[PDB]
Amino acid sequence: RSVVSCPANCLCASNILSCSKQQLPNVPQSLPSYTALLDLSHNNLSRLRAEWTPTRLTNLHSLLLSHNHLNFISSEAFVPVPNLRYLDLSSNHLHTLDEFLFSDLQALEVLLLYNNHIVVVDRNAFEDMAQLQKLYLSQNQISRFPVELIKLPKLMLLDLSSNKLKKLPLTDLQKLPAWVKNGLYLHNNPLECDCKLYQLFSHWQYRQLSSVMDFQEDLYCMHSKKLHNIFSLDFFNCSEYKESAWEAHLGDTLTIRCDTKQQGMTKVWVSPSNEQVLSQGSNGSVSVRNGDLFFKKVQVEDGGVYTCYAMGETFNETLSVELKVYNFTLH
């Protein structure tokens, strides 16, 4: 009749436990160690306690806890689930993400935290999360941009839409790889209206980043109250947006990235002499490392426009960078 290992209030489909919409105030007892996906959504959990599971769950890859009343998560809550890849904590009552809260989840690739009551995000909430690619933080009350996350090595989607962001670290945002910008969602926030902000988003629009293209109508700033679509604002003394032009001193060591929109594309660099920059030796001058331009000791004769021809499955990109070599220092 019933599966012996199946906890109360669950439908057990081999390694899937469907325990949703069961009015549960606590996690079912005696969860089996073979569990791969635990769906506890639409319940009435308020605390994810230390020892919510006395056993393992070394096989657990997905934990779904959305639509509960979670307002507390133990500092020990993720010790039992080391191999977790996907965690849905959306639609809960979470308010503050303490230091080291998710730091045990070193295999996690997706974290959903949208539609909570989050007012504070600690600088160390996500420390050690090396595998994390997507972090959804929409529909909260976050007012401090989590600058530490972009100053998470694999993070390629950071959704901070529908929050209380006003001030942005624009210089940090400018230096971000285009593959991160592509998934950095800042729509539906009372951002400060500013020429530099227009310039940031206008660049992203030129590059056709999804973050802008998908949400153009929702990209707001706010000036003395009011709220305006950023692209509706014509700023005085505000230039179009600057082409990419590294400046170096004679003798510098320097790496220049091919700033593609998406990872894993095929990159070929062509020098200003119209020669292919080769990956080969450890001698000088210019070479390609990892897919970036590398100059061991920049010379006057280096410099000019280098072009990276990048090829993907769905699109290509042609990105130019001007190296300007200065024969003097101004300090």
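Numbering starts at 1 and runs along the sequence shown.
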property	result
Unresolved deposited residues in the interval that joins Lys151 and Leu152	4 to 9
Stretch exceeding the other in mean C-alpha B-factor - 50-58, 29-37	50-58
Entry-level comparison of average CA B-factors, 233-241 and 133-141, reporting the higher stretch	233-241
Out of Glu247, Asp88, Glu109, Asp128, highest CA B-factor residue	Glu247
Among modelled residues of the same chain, the CA temperature factor third for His187	lowest
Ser224 - which third its CA temperature factor falls in, relative to the rest of the chain	highest
Ranked C-alpha temperature factor of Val119 among modelled chain residues, by third	middle
Position of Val321 among the chain's modelled residues by C-alpha B-factor, lowest, middle or highest third	highest
For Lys164, the third of its chain into which the C-alpha B factor falls	lowest
